[PDB]
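Following: one structure in structure tokens, then a few remarks.
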Amino acid sequence: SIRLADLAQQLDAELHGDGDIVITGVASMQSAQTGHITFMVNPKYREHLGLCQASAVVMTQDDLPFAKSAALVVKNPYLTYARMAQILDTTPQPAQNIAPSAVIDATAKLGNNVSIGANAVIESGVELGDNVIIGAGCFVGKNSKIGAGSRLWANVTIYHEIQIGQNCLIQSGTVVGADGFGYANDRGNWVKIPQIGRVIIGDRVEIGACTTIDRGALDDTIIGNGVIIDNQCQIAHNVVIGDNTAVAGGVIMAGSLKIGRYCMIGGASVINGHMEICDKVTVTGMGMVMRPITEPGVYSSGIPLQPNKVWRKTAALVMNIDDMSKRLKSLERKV
Amino acid sequence: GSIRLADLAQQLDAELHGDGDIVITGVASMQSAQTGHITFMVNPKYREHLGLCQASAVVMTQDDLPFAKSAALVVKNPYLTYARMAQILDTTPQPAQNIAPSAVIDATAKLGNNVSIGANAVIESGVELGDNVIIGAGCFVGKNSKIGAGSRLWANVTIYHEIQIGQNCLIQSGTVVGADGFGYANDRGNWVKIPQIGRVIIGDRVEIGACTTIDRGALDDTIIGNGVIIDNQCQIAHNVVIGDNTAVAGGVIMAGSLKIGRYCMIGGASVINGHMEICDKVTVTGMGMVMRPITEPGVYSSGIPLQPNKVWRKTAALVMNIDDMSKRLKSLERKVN
Amino acid sequence: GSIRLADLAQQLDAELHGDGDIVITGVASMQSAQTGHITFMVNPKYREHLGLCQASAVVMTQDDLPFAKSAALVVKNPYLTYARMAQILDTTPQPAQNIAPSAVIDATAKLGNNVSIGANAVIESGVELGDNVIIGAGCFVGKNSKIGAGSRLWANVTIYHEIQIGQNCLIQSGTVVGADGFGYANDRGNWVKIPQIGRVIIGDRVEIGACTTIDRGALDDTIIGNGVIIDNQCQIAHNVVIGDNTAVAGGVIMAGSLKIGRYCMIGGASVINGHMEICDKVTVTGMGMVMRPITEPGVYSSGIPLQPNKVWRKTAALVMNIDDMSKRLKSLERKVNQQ
Ligand SMILES: CC1(C)CC(=O)c2c(nc3nn(-c4ccccc4)c(O)c3c2-c2cccs2)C1
Ligand SMILES: CC1(C)CC(=O)c2c(nc3nn(-c4ccccc4)c(O)c3c2-c2cccs2)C1
Ligand SMILES: CCOc1ccccc1-n1nnc(S(=O)(=O)c2ccc(C)cc2)c1N
Ligand SMILES: [Mg+2]
Ligand SMILES: [Mg+2]
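Listed in order, the protein sequences are those of chains A, C and B.
Going by the entry's author numbering, the first sequence opens with residue 3, and the numbers climb by one from there.
Going by the entry's author numbering, the second sequence opens with residue 2, and the numbers climb by one from there.
Going by the entry's author numbering, the third sequence opens with residue 2, and the numbers climb by one from there.
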């Protein structure tokens, strides 16, 4: 809980109202009650602010005349919302103290204020930085290094020789450093190629749940600083992702793909390998990415939903589009 | 556990034709069934094949009865009766029995009667487990989460904090309920985390497959209705609401703030956009690309299916250049008219 | 792990040119290789670059040998020899060593010789682990399941009950084998669970990636043939049958009762529908949308690739209206036919 005037100061917001109001948490505009702060981005909500029951509303200067409560004026309410949700965050930590049921190899090095959850398993040679938190049931493999401030939720798997920077956060079920999908072929029999490269994750990387990031075959899989990756993603061996790129849920990447900085990869996209995507590329959802992308901008693919009756005809005609093309050529000749 | 055929038929509300004292030990497919097994016939083309079936009894309809070559249970719906009798004769073990000495259970957790918790499970402070709840080995149940009577988690399931799960649910291994939604604000190209302080509310009789992820809401909640079934490796993003009795097949990826109505059927590998609504009684066939809201019930589909690669190369190129085809068609229409 | 270059060459059936007494400590890429490393060349474009490589030895072909600037191992297939030498020099640790005091192992479990079980792994009643089996930290292996000699599970792998795994398999973390298939009857809109009392049968020399799921069968079994390789994030539904040596790339989804033949190659993120068969020696390129049986070998593809968004918007609109384009074409043909 925090006085509104204090909160406004920390947010660098211009306060219009009673600064002694006590704010206990953040809430949606439709749910907010006394003690909650909320925010608005869409002008459509101006007319019904009299129905919002928040103690304070974050808004812009143009919104201020419509205010029906204490207001914090800022240029970017959504960004301010993020900041104030961090100030008022209620999320617990994955662990506190070192659990006696954890199994920690005698050669592991733990920094100051490290917490390790129940039944977590820490291999030989691991290095955990100051303030690192390892959730219950995690596995951290041999010689892996996790930088200060980083946190794993429960049941995360880190393989061996992995490097993770500072202030990262990895959600449960995720696996970092599994073997890449590397095989030679001897008369139809697959021959495993040991995957002896690593994964290097930079600082401030956030990874969702049940996501897999494979180790490289010889050199490394690299996740740059500030990257955010959603749930259910596959990042194959020797992928390289530039700083601040965002990868939405269910994206599948093939090996040796290089993605630049400030990219936005839409959910359920499929990105083929041994190719590069330059900085500042957006791929919209379900994109089928087969070719290098050399110019910034927004790219898309796919034929979207239709009523089944209509789709049946759409699909048949597209599958026979070569015949259509020939009929059009023939008609052009006759004319 | 074995059961007399008469007693089985009574529990199934079936008409017995044959020896009620036959002892049934389990369910089997028509081709695999041996003595002691009960099986079922849904396809009348097998009527002539019943003499080759070595089951001790066969579930069938009244129209099938003259074709029986064994004890028969006559029902209106052999498939539904199959489901019921497989439940009665289920050999599936429980995820755990009793409370394992290797489980780590906070002193403030509230355990109901007949709760079982498997080896090395971890139960946080304030957790409430209702009567007959079973937690598999290696599970994690985060702070203050509540699991209703009769619900069961297989091994290695992760439940985060402040999650609510109703009664008689079943969650398969690897599933994660309540991870942070994918919430970030952008500040001059840098991502700023938005804490996800909503929850997940899961209703009664919900079944969730393996390695599915259901993220907690940003402020308000992610909600799964009663009787919902969700297959493996789905992503249900923050603030999705799924209406009662909807089915979601495997590998479906949903964006945030999608609302799905009751009695929908979402085919495997579909992709669904967010901040929009799908009404009740919508079916999306497999791999559906659902970009826009669906306001009318019925069946919807997308996608161009497989062709020989040589063919596909031309199909793809011609489609990508379809605007040129369109212009040539218009130009030819003007030339002819 | 260090080995003399002459002995490595003998084990690789390679022709040594250079100092057999050189000590090789590991494999490295051509760009990263340093003293003590062996590397390989598959692209002759790098012949002029070999003077810049600091490896102690380079695997190459007879045609490459005159361009060597180091000890050389001459072989017919440098890529295959790389795979073999990376195995000889593998630095990958084992998932576990010996039996961890924190593992919870049912008294009725049967262990072969030289079995290792990692910390906090849980082994149910009736489980059988063959010789040299390694169970990683935190795994679960359910009742009566059998894991054959030489097979290894990384950490946090889940095996359900009555599962059979062959010899020399490798399963990466987060994978779940034997969960319930998606089986339900329907009583007036209410789903009625069908217990899934079939199993999963996995053959010998199967490799499975991370966070992959393979459901048990409803009555009959889900079957994975010998020598199959399966990538991360795959979904193999109940009663799927996969033939020997087939390869499944990452993110593939297979629906129930699909039968795939031998020596198939399924590209990443493909979607294969069920109750149908794919014959031997079929390749489905990535993101393939497989709706019908495939009865002939060869390569099959689907999908319209990426375009600039503004271009895609027009493409999609025209395709969605392609039936009107068809009707206009037929109408125009009729006019040119003078009818
Ligand atoms: C719940 C039920 C008893 C009935 C049902 O409707 C259904 C079931 N299993 C499915 N598997 N796949 C699938 C899985 C992976 C890839 C491709 C397809 C579907 O699409 C499935 C569907 C549906 C079909 C159309 C809408 S939902 C079993
Ligand atoms: C098994 C092998 C040694 C050889 C192989 O054939 C193969 C391999 N890795 C792949 N990754 N992806 C992929 C992954 C994610 C997104 C898109 C594509 C494929 O499609 C892959 C394929 C195949 C190509 C065509 C059919 S299978 C390595
Ligand atoms: C599906 C998961 O998608 C996300 C998850 C988290 C964050 C952003 C996205 N995301 N990515 N692309 C889009 S989309 O609107 O271009 C889109 C295009 C086509 C379809 C069928 C859906 C969505 C969204 N909403
Ligand atoms: Mg323990
Ligand atoms: Mg997918």
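Every residue gets a Cβ at the ideal spot worked out from N, C-alpha and C, and that includes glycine.
So is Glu208 (chain C) in contact with chain B if we call contact Cβ pairs under 9 Å?
Interface flag for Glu208 (chain C) against chain B is set, since a Cβ pair is found closer than 9 Å.
Let's test the definition: count the other Cβ atoms within 10 Å of the Cβ of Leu220 (chain C) and tell me whether it reaches 16, buried, or not, exposed.
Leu220 (chain C) comes out buried.
Simplified DSSP assignment, three categories, for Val320 (chain B):
Helix, per DSSP.
Could you work out which residues of chain A lie near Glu125 (chain B), taking near to mean beta carbons separated by less than 8 Å?
Per Cβ cutoff of 8 Å: no residues; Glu125 (chain B) is ~17 Å from chain A at best.
May I ask whether a heavy atom of ligand 2 can be found less than 8 Å away from the beta carbon of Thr284 (chain B)?
Yes, the beta carbon of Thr284 (chain B) sits closer than 8 Å to at least one heavy atom of ligand 2.
In angstroms with no decimal places, state the Cα-to-Cα distance between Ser126 (chain C) and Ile164 (chain C).
Using only the alpha carbons, I get a separation of about 13 Å.
Under 8 Å: do the stretch 127-139 of chain A and the stretch 153-168 of chain A share three or more Cβ pairs, one atom per stretch?
Touching, yes.
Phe183 (chain C) beta carbon near ligand 3 (any heavy atom closer than 8 Å):
Checking every heavy atom of ligand 3 against the Cβ of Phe183 (chain C), one is found closer than 8 Å.
Buried or exposed: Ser117 (chain C), going by 16 or more other Cβ atoms within 10 Å of its Cβ?
By the 10 Å Cβ count, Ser117 (chain C) comes out buried.
Quick one: Cα of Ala58 (chain B) to Cα of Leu66 (chain B), how far?
CA-to-CA, the gap between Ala58 (chain B) and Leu66 (chain B) works out to about 12 Å.
List the residues of chain B whose Cβ lies closer than 7 Å to the Cβ of residue 1 (chain A), in chain order.
The structure shown does not extend to residue 1 (chain A), since chain A is modelled only from 3 through 337, so no value can be given for it.
Comparing C-alpha positions only, which one of C:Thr92, C:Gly204 and C:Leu171 sits nearest to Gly210 (chain C)?
Ranking C:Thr92, C:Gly204 and C:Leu171 by Cα distance to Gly210 (chain C) puts C:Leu171 first.
Taking 9 Å as the CB-CB cut-off, is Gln173 (chain C) touching chain B?
Judged by the 9 Å Cβ criterion, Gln173 (chain C) is in contact with chain B.
Name the one or two DSSP bridge partners that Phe41 (chain C) has.
DSSP output for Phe41 (chain C) lists C:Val60 as bridge partner(s).
Cβ contact (3+ pairs, closer than 8 Å) linking the stretch 176-188 of chain C and the stretch 199-218 of chain A:
Cβ pair count under 8 Å is three or more, so yes.
Relative to the C-alpha of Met290 (chain C), which candidate in C:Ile267, C:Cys280, C:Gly299 and C:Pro298 has its C-alpha closest?
Of C:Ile267, C:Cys280, C:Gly299 and C:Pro298, the residue nearest in Cα terms is C:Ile267.
Any heavy atom of ligand 4 closer than 8 Å to the beta-carbon of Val142 (chain B)?
Not one heavy atom of ligand 4 falls within 8 Å of the beta-carbon of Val142 (chain B).
Host alpha helix (DSSP H) of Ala87 (chain B) (start-end)
Run containing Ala87 (chain B): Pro79 to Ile89, per the alpha helix (DSSP H) assignment.
Below 8 Å, is the gap between the Cβ of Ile231 (chain A) and the nearest heavy atom of ligand 3?
No, ligand 3 has no heavy atom inside 8 Å of this Cβ.
Pull every residue with its beta-carbon under 5 Å away from any heavy atom of ligand 4, and keep them in chain order.
Listed by position along the chain, the residues with Cβ atoms less than 5 Å from a non-hydrogen atom of ligand 4 are A:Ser103, A:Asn121, C:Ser103, C:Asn121, B:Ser103 and B:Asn121.
Kindly say whether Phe41 (chain A), judged by its beta-carbon, lies nearer than 9 Å to any beta-carbon of chain B.
So no, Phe41 (chain A) is outside the interface.
Please name the residues in the stretch 327-338 of chain C whose beta-carbon is closer than 7 Å to at least one beta-carbon of chain B, in chain order.
Answer in chain order: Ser327, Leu330, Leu333, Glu334 and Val337.
Look up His50 (chain A) in the DSSP assignment and say whether it is helix, strand or coil.
DSSP places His50 (chain A) in the helix class (H, G or I) of the three-state scheme.
Going by the C-beta, is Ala270 (chain B) closer than 8 Å to any heavy atom of ligand 5?
Flag set: Cβ of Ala270 (chain B) near ligand 5.
Nonlocal neighbours in the same chain, by C-beta distance under 6 Å from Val229 (chain C), ignoring five residues either side
Its chain contains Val207, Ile243 and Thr247 as the residues whose beta carbon lies nearer than 6 Å to that of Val229 (chain C), once the 5 sequence neighbours on both sides are disregarded; these appear in chain order.
Quick check: is the beta carbon of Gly244 (chain A) nearer than 9 Å to any beta carbon in chain C?
No - not a single Cβ of chain C is within 9 Å of the one on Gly244 (chain A).
Measuring alpha carbon to alpha carbon, tell me which of B:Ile224, B:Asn240 and B:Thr214 ends up nearest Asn233 (chain C).
Nearest C-alpha to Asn233 (chain C): B:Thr214.
Integer Cβ distance of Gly252 (chain A) from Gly226 (chain A), believed to fall under 8 Å
Between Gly226 (chain A) and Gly252 (chain A) the Cβ distance is about 21 Å, and since that is not below 8 Å, they are no contact.
Whole-angstrom distance between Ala29 (chain A) and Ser258 (chain C), CA atom to CA atom
Annotation: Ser258 (chain C) to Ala29 (chain A) spans about 16 Å, alpha carbon to alpha carbon.
Do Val320 (chain C) and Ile305 (chain B) count as a contact pair if the criterion is CB distance below 9 Å?
Here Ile305 (chain B) is near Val320 (chain C), since their CB atoms are less than 9 Å apart.
Indicate whether at least one CB of chain B lies closer than 9 Å to the CB of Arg293 (chain A).
At least one C-beta of chain B is nearer than 9 Å to the C-beta of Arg293 (chain A).
Under 8 Å: does the beta carbon of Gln236 (chain B) sit that close to some heavy atom of ligand 1?
Distances between the C-beta of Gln236 (chain B) and the heavy atoms of ligand 1 include at least one below 8 Å.
Pick out the complete beta strand (DSSP E) segments inside the stretch 206-244 of chain C, 3 residues or longer, and give them in chain order.
Given a length threshold of 3 residues, each whole run of the beta strand (DSSP E) inside the stretch 206-244 of chain C is given here in chain order: 223-225.
Contacting residues, own chain, Cβ-Cβ under 6 Å from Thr286 (chain B) (five flanking each side not counted)
Taking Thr286 (chain B) as the centre and dropping the five residues before and after it, the same chain places the C-beta of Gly268 and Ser302 closer than 6 Å to its C-beta, in chain order.
Of all the CB atoms in chain A, is at least one closer than 9 Å to the CB of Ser303 (chain C)?
Interface residue, yes.
Buried or exposed (CB count within 10 angstroms, at least 16 for buried), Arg293 (chain C)
Exposed, since its Cβ has fewer than 16 Cβ neighbours within 10 Å.
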